Every structure is written in structure tokens, then in C-alpha cells.
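As C-alpha cells, one chain now follows by itself in the form deposited in one PDB entry.
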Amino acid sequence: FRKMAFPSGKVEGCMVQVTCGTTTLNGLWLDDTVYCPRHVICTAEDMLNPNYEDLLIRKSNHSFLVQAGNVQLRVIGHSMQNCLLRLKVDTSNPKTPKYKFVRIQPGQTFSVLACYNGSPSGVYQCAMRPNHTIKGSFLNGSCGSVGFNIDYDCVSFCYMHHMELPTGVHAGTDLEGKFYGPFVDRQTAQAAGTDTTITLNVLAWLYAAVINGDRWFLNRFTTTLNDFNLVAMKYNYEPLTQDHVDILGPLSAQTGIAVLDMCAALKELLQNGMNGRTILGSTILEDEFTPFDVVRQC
């Protein structure tokens, strides 16, 4: 099974660089507006505990260098939207697609277009963890990089990168400037919560394995939602709700395997191990595919 990301084309045209002083990071250019993390105005020493309102008052419109590759723009209206810097520019982006800002729930997935100083360099698919972090490994020096989904023509922007936490995981915000999780944009004592495994996704990945060719992990045992969440609690998994059962419905019908029987197959994989056998070429239980990601690829 291949981890697939959305075509990054519609997002690439919206990538600009915001340079404030010695700080340069990526920005999102939509209509006559440029979004970037508000920590761009902080000057490293100021990152320990910043006074953002105080720091913005001493910043003017000519302190921001918005650059769209060869073209340099101009700021006519600097503003602050929660943890985001909303920069009003003179020219509207001719490459602006149909866009909407959504706030994705934990367990859901998105494509990230990683850029470095306004120029896009790579694209990958990741998931929003239950503790609200992302395991993006390298978003280092890519602050401003965005997370998105695509439905035909419409781009659903949902993430902007802000922070690489002291434990190598990544923290960030939605496009309304509001953080995913309890985290602030401040270099301080920021402890991430104990990450659980996204159960729904594991079940979806197993449903995918059935469609491809792997079937050995299926047994004739059954298990209700009560007994399974008891075992899920033990192996640091997310408990499974009745809503998750309803979501897996279309994938149950396609493979002829009831969701509770699939839960019984998972229950067994946690207690009896895997014994060096690979589900879809992987020795571990992959939890970063939603049931909607499985259906769109099958």
C-alpha cells in the first residue's frame, strides 16, 4: 500500500516568503491577503516569552518583505488573527484557487506542501495525531508550510506549521490562526500528551489489505464494541465509538467483513503479535489512512 498525497499544484501558486528582519519563513497568498505564523516578528531571544501585541506595535508595513518568487509585493495592512499574521497586500493573486478554511479533527489526514523561503520543495501525506501533534520529521526551517485537502477544484486548507517541539514532533495552527492542541507559539516548557494509536485508521488499513490481497489476519471470532475498547485501552489505542462503526460501513460492504469481526481481527493482532508477517509489506500497524482515503484509492 502506497501513502498518497494530493496534487500540490493549486497550493504551489499561493506560496510566498515573508521576511521580517533576520527571520524568513513561508506564507499563504490568497486574494489580496498573505498569511504566515505571527512568530515571524520575534527575534529568537524574544521567542522565550514574547509580548505579541507589544512586538507588533513597533512593526510597520515596510518591515515585512512579501515575495512571490521574482515579484516583490507591498503590505498595506498588517494585522494579527490569533496566532497568525494577516498581511493585506495591493495585488490579488491570479493563481488563487477556490479555497475554504477547515479545522480538521484528530485522526484525520492531510497533504503537506513543505516549502523553504517561499519556494515549494516537497509534498507528503500525514495525519493529525490524537495528542494534536504531527510526526512530520522535517518541517525544519519550513514554518508557514501548509496542510491541505482537495475535493475536485476546491482546496481545503487546514494546517500551517509553527513549531518543532523539543521531542521532534510538530505543532501548528488552522488557517484562522487557532492552534491544534493546548500549545502556544512560544519557546517554553511545552509537553505533548501521550499519543494513542488511531483505531479507526488501523481498521481502515486492514480493510484495504483485504481488497489488495492480504487475508491471513481474519478469523471466525467476533467481538462487540465493549470488549474491544477494553483491549484498546490496554494497548494505548483510541476507544472506538458508534460513529466510527458507521464510517466503516461502506468498506465492510465492499469486502464482506463486518466491522465488529474486523475489530476481532485487530483484537487478536494486539494480543498474539504478528510473528514477522507483513500486512501490506509492513510489520507494524499503520494508523495514518482514513476510511475516506481507502475508498478514494479503491
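Numbers for residues come from their place in the sequence shown, where the first is 1. Between two forms, the rigid core is the largest collection of C-alphas that superpose within 1.5 Å. Only residues modelled in both forms are compared.
The same protein also exists as the form deposited with a small molecule bound; that form is not shown, yet it is the one meant from here on.
K.L.:
Which of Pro182, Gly77, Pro166, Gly213 has a heavy atom within 4.5 Å of the small molecule in the deposited complex?
P.N.:
In short, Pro166.
K.L.:
Out of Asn82, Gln187, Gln125, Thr96, which one falls within 4.5 Å of the small molecule in the deposited complex, going by heavy atoms?
P.N.:
After the contact test, the surviving option is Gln187.
K.L.:
For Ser119, is any heavy atom within 4.5 Å of the small molecule in the deposited complex, or not?
P.N.:
No - in the deposited complex, heavy atoms of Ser119 and the small molecule never come within 4.5 Å of each other.
K.L.:
Taking the small molecule as it sits in the deposited complex, is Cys158 near enough to touch it, meaning that at least one heavy atom pair lies within 4.5 angstroms?
P.N.:
Although the small molecule is absent here, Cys158 would stay clear of it in the deposited complex, with no heavy atoms inside 4.5 Å.
K.L.:
Taking the shortest heavy atom distance, is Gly141 within 4.5 Å of the small molecule in the deposited complex?
P.N.:
Yes, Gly141 is a contact residue.
K.L.:
How about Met47: is it within 4.5 Å of the small molecule in the deposited complex, going by heavy atoms?
P.N.:
Contact check for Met47: yes, within 4.5 Å of the small molecule in the deposited complex.
K.L.:
Counting only non-hydrogen atoms and a 4.5 Å threshold, tell me whether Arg129, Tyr235 and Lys267 all contact the small molecule in the deposited complex.
P.N.:
Negative, none of the three is within 4.5 Å.
K.L.:
For the chain shown here without its partner, which stretch in 147-155, 131-139, 67-75, 194-202 has non-hydrogen atoms within 4.5 angstroms of the small molecule in the deposited complex?
P.N.:
Stretch 131-139 is the one.
K.L.:
Which residue, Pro106, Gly141, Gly122, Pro97, is displaced 2 Å or more at the Cα between the shown form and the other one after superposing the core?
P.N.:
It is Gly141.
K.L.:
How does the CA gap of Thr290 and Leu139 change in the deposited complex versus this form, closer or farther, if it moves 3 angstroms or more?
P.N.:
More distant in the deposited complex, by 3 Å or more.
K.L.:
Given that the CA-CA distance for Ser119 and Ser137 shifts by 3 Å or more in the deposited complex, does it become closer or farther?
P.N.:
Here the pair is farther apart than in the deposited complex; there, closer.
K.L.:
Determine the segments between the shown form and the other one made of three or more consecutive residues whose Cα atoms all move at least 2 Å, using the rigid core for the superposition and only residues common to both forms.
P.N.:
Shifted run of three or more residues, which all move 2 Å or more: only 137-141.
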